[PDB]
Ligand SMILES: [Ca+2]
Ligand code: NA
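Residue numbers (the UniProt record's numbering): 1782 to 1838, 1847 to 2825.
Structure, rendered in structure tokens:
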């Protein structure tokens, strides 16, 4: 070990190999020394006790017992650190010179971990032989572990090839080098194990499963206990082990030196070793190994004293004194070694993509191809490319589309249509096959009569190319996004309303409102401003976190209630910090524009500081008046322009009048409407200027009356002809000005700032409609020949969807407050507004696990058992009985009912397995991180009682009735291409070929073989134990 030479100089010789230590640091008993690179002579580095870490103008520094700033190399608390010799600023993640040699100080704590061969600033990279290399100032290849322009980097010693996206062992230390070759230290490896007689007795009794616990799929974990050959009873007397003897693996074996060091120091601090001896990353391994064997003595004495091991379970594996457990304190066994986050880690810290390993035959897969623009989002990502999962998705769809029949023999209690949740995150083949189901079951492709009985929609725009190719479902129009530019912002922050003249998705036209006199041209679409998520969840989220301090995905009912109070107070004020401006105007656009199906959001009409439908919003009357006027008056062609005062003027002509010169039928006279919208609350007209609405040739010399007028304090609303009136001239033009018409207040145009309008809003309809005029157009049975399921025409436009929930509804405190009970009770209210399609929330039982917003407010999107729609105990919305009664009531009130189909993910599956994992982002793209690729313990097995009962149960019958669904099939779809030069995305026609699928394999419970991946779980890169020297996993 430590030995003096002839002259009394101290030198060090490794305790196992006998190799002299030179140019390195060694801890010996209590002291840490450096041994010079020349003669190997010792220099004692004094232990710094007392003193504290601080800051300076902001840079961390370290001050001694009496407050002096320390400079240079320092031995602090059994670590070596380096502080700039001028500023005293601590170095972290870089090199410093000592003894004219370079040492690296890791980025986490600034601890000295290694020697670096050289530091380079003046050479240059080259490409040779298909590799990247680095040439120094003399144009000579650089080799080994070096720093280049301040980055730690590694060039293969033999070739000079730079290493990228790999973990590399250099001189006994393990590093990761990223996609640019930029490195980071991970851990110091253990040299080699004791081979004394003591160690031979710690060896495992055998390799059988019964010798180890906390195993998964035959692999060992950090939590594993094992049966040794022998037990040092009470620390003194070796005996053969029995089948009742188990000891933690981590009392005898460590994955790296950091963990062994931390282990000895932890056991020190908890009374199982007392010694002046310091244990550091510079300790001789021989001493560390012996120290661990000595801790065993003290462990065995305490096991004899306490007649058991429960104290040791707690000591190593539970939180003690509000600290993480010993295991969880270790880098390789915690989230720090998973490198969470990144721009592609949209939720939950990001994702782990599953792959294959020869040692994991039960979780391997031949599939896992995303087959769409996106892959991961949340929780356990379902592999919807897998043929067995595709069959299961058809099973579940059929279940939902026959839920009343299936569960109660009630054929009037089944869902009619679907929303495809997270459509761009699931494989195109399952989307195409889903649309074939609906074609097979309901003949939607035969005519609008059938298609319009089953109006489905997806959560995407024009990028949902499987949905647009044959318009099997509505895509979302660009109105929301356009309105967010020009209407929803505070004064001074809106763009001009000219962006509302065309509805355009990344440069592609969905529909043009300017002079729309045609049909069957627009892409069938739905228009919204808000939804349960969109435009909402992160604004409430901010009132919550602001009033409370909680995070937007995880809070208590009490903190939520508080945030909602602030939220609604803000909503009802003119000056809004959290809430959207101009909401009634935007609804006016939605509810009068041609060539769309509008969707009403529940939360724009009702407030979540009340139970379902209890508290009307400030906008409620305006939206009711607009839905009422839509049903009575809205039909025919559209025109739209923005005048010289910035006012948007939108006219609908009435039934059968497509252009401004058409006369239509006798019905036309009393149909049509005009809308004037401004976004300038300071608008003032001069005395001579006019604002005109050109109502058209069917509306000459005609009396109009208001639906909506802008007032000082809000909006005046009128649902009858008893309203202020105005007259068209002999050309059909209504004329407004800065003066009132016939002394009628609020008939003049002027900008206004108030809680319901920030700019100007007026809606005018012809006087004289009969009490139940209905300007809607019925669907016909005429056959389609163009290949499209939905067609954007007067009949499709006559539909109206209601999204009948909000995330932030409170839990019901009584049966009568339950959402689904209240919906059934109020079914005629929806009919009277003209709702034709009732979009219910996802009805699946919430996992309740608080791992995301959806599983904290229990909205139905985060579930374990996708067949459990409220059996035994209710969901947030009611029981399975309450659901059937709701669907019944809606149907008897002439509405279709939408099932929110969530194929993307499953939450909270308790059964564990082991699968190969790499970090990935939403796109399914591998991230270059330190975690690399590791076997990983996943929470991947489960489902629930209803998945067990129903999954796969319908497949044999479905293959008999609709055999085509189980065949392979060629199909086309549109594919969104993004341009290099920053010009608009463009669409190309892709071909797909879905596989044949089986009907005889059920997914009764989920497992990893059927998943693409999972959100990161925080277990670490090395929770599944292996030999880090050679990468070999332990396996029973
Ligand atoms: Ca997915
Ligand atoms: Na050694």
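Just so you know, even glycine gets a beta-carbon here, dropped at the ideal spot from N, CA and C.
Beta carbon shell of ligand 1 at less than 5 Å from a heavy atom: That query returns the following residues: 2170, 2214, 2693.
Beta strand (DSSP E) runs contained entirely in the region 2263-2326, provided each spans 3 or more residues: Assignment of beta strand (DSSP E) within the region 2263-2326, counting only whole runs of 3 or more residues, yields 2291-2294, 2297-2301, 2314-2316 in chain order.
Check residue 2018 in the structure and name its three-state DSSP category. Coil, per DSSP.
Give a single yes or no on whether residue 2074 has its beta carbon closer than 7 Å to a heavy atom of ligand 2. Answer for residue 2074: yes, Cβ within range of ligand 2.
Is the closest heavy atom of ligand 2 to the C-beta of residue 2133 under 7 Å? It does not: the Cβ of residue 2133 is nowhere closer than 7 Å to a heavy atom of ligand 2.
Cβ-Cβ distance between residue 2051 and residue 2102 below 8 Å: No, they are not a contact pair.
Along the beta strand (DSSP E) that carries residue 1840, what are the first and last residues, could you check? Because the chain is numbered from 1838 directly to 1847, the model contains no atoms for residue 1840.
Would you say residue 1795 touches ligand 2, meaning its beta carbon is less than 7 Å from a heavy atom? The nearest non-hydrogen atom of ligand 2 is less than 7 Å from the C-beta of residue 1795.
Got a sec? Which residues, its chain only, sit under 7 Å from residue 1795 by beta carbon, not counting five neighbours each side? So the list reads 1802, 2073, once near-sequence residues are dropped.
How would you write the range of the alpha helix (DSSP H) that residue 1885 sits in, first residue to last? No alpha helix (DSSP H) contains residue 1885, which is instead part of the beta strand (DSSP E) from 1883-1887.
Using a 10 Å radius around the Cβ and a threshold of 16 neighbouring Cβ atoms, would you call residue 1811 buried or exposed? Burial call: exposed.
Rounded to the nearest angstrom, what separates residue 2306 and residue 2426 at their Cα positions? The alpha-carbon atoms of residue 2306 and residue 2426 are separated by roughly 5 Å.
Run through DSSP, which three-state label would residue 2375 get? Of the three classes helix, strand and coil, the one that applies to residue 2375 here is helix, per DSSP.
Below 8 Å CB to CB, which residues in the same chain sit around residue 2652 once its five sequence neighbours on both sides are set aside? The answer, listed in chain order, is 2631, 2633, 2634, 2635, 2636, 2691, 2695, 2696.
With distances taken Cα to Cα, identify the nearest neighbour of residue 2711 among 2088, 2702, 2141. In this structure, 2141 is the residue among 2088, 2702, 2141 with its C-alpha nearest to the C-alpha of residue 2711.
Within 10 Å of its beta-carbon, does residue 1986 have 16 or more other beta-carbons around it, so buried, or fewer, so exposed? Exposed: under 16 other Cβ atoms inside 10 Å.
Residue 1980 beta carbon near ligand 2 (any heavy atom closer than 7 Å): Taken from the Cβ of residue 1980, at least one heavy atom of ligand 2 lies inside 7 Å.
How many angstroms separate the CA atom of residue 2602 from the CA atom of residue 2665? Taking the straight line joining both Cα atoms gives about 11 Å.
Please report the distance separating the alpha-carbon of residue 2151 from that of residue 2178. Straight-line Cα distance between these residues: approximately 16 Å.
Have a look at residue 2194 and residue 2715 and give me their C-alpha separation to the nearest angstrom. It is roughly 45 Å from the alpha-carbon of residue 2194 to the alpha-carbon of residue 2715.
So what does residue 2027 bridge to, in DSSP terms? Answer by DSSP bridge pairing, in chain order: 2021.
For residue 2116, three-class secondary structure by DSSP: It is helical.
Residue span of the alpha helix (DSSP H) that contains residue 2104, given as start and end: Under the DSSP assignment, residue 2104 falls in the alpha helix (DSSP H) whose first and last residues are 2099-2106.
Using a threshold of 7 Å, is the CB atom of residue 1798 nearer than that to any non-hydrogen atom of ligand 2? Checking every heavy atom of ligand 2 against the Cβ of residue 1798, one is found closer than 7 Å.
Hey, residue 2388 and residue 2592: beta-carbon distance below 8 Å or not? Going by beta carbons, residue 2388 and residue 2592 fall inside the 8 Å limit.
Residues bridged to residue 1840 by DSSP? Residue numbering in the chain breaks between 1838 and 1847, and residue 1840 falls inside that break, so it has no position here.
Using only alpha-carbon positions, find the residue among 2786, 1898, 2616, 2282 that is nearest to residue 2222. For residue 2222, the closest of 2786, 1898, 2616, 2282 by C-alpha to C-alpha distance is 2786.
Report the three-state DSSP secondary structure of residue 2491 (helix, strand or coil). Residue 2491 falls in the coil class under three-state DSSP.
DSSP state of residue 2629 mapped onto helix, strand, coil: Note: residue 2629 maps to coil in three-state DSSP.
Tell me the residue span of the alpha helix (DSSP H) that contains residue 2356. Taken as a continuous stretch (DSSP letters only), the alpha helix (DSSP H) holding residue 2356 covers 2346-2360.
Hey, how far is the Cα of residue 1835 from the Cα of residue 1867? Rounded to the nearest angstrom, the gap between the Cα atoms of residue 1835 and residue 1867 is 19 Å.
If you draw a straight line from the C-alpha of residue 1934 to the C-alpha of residue 2049, how long is it? Near 25 Å, if we compare the C-alpha coordinates of residue 2049 and residue 1934.
Beta-carbon gap between residue 2688 and residue 2204 smaller than 8 Å: Taking 8 Å as the Cβ cut-off, residue 2688 and residue 2204 qualify as a contacting pair.
Simplified DSSP assignment, three categories, for residue 2163: In this structure, residue 2163 counts as coil in the three-state DSSP scheme.
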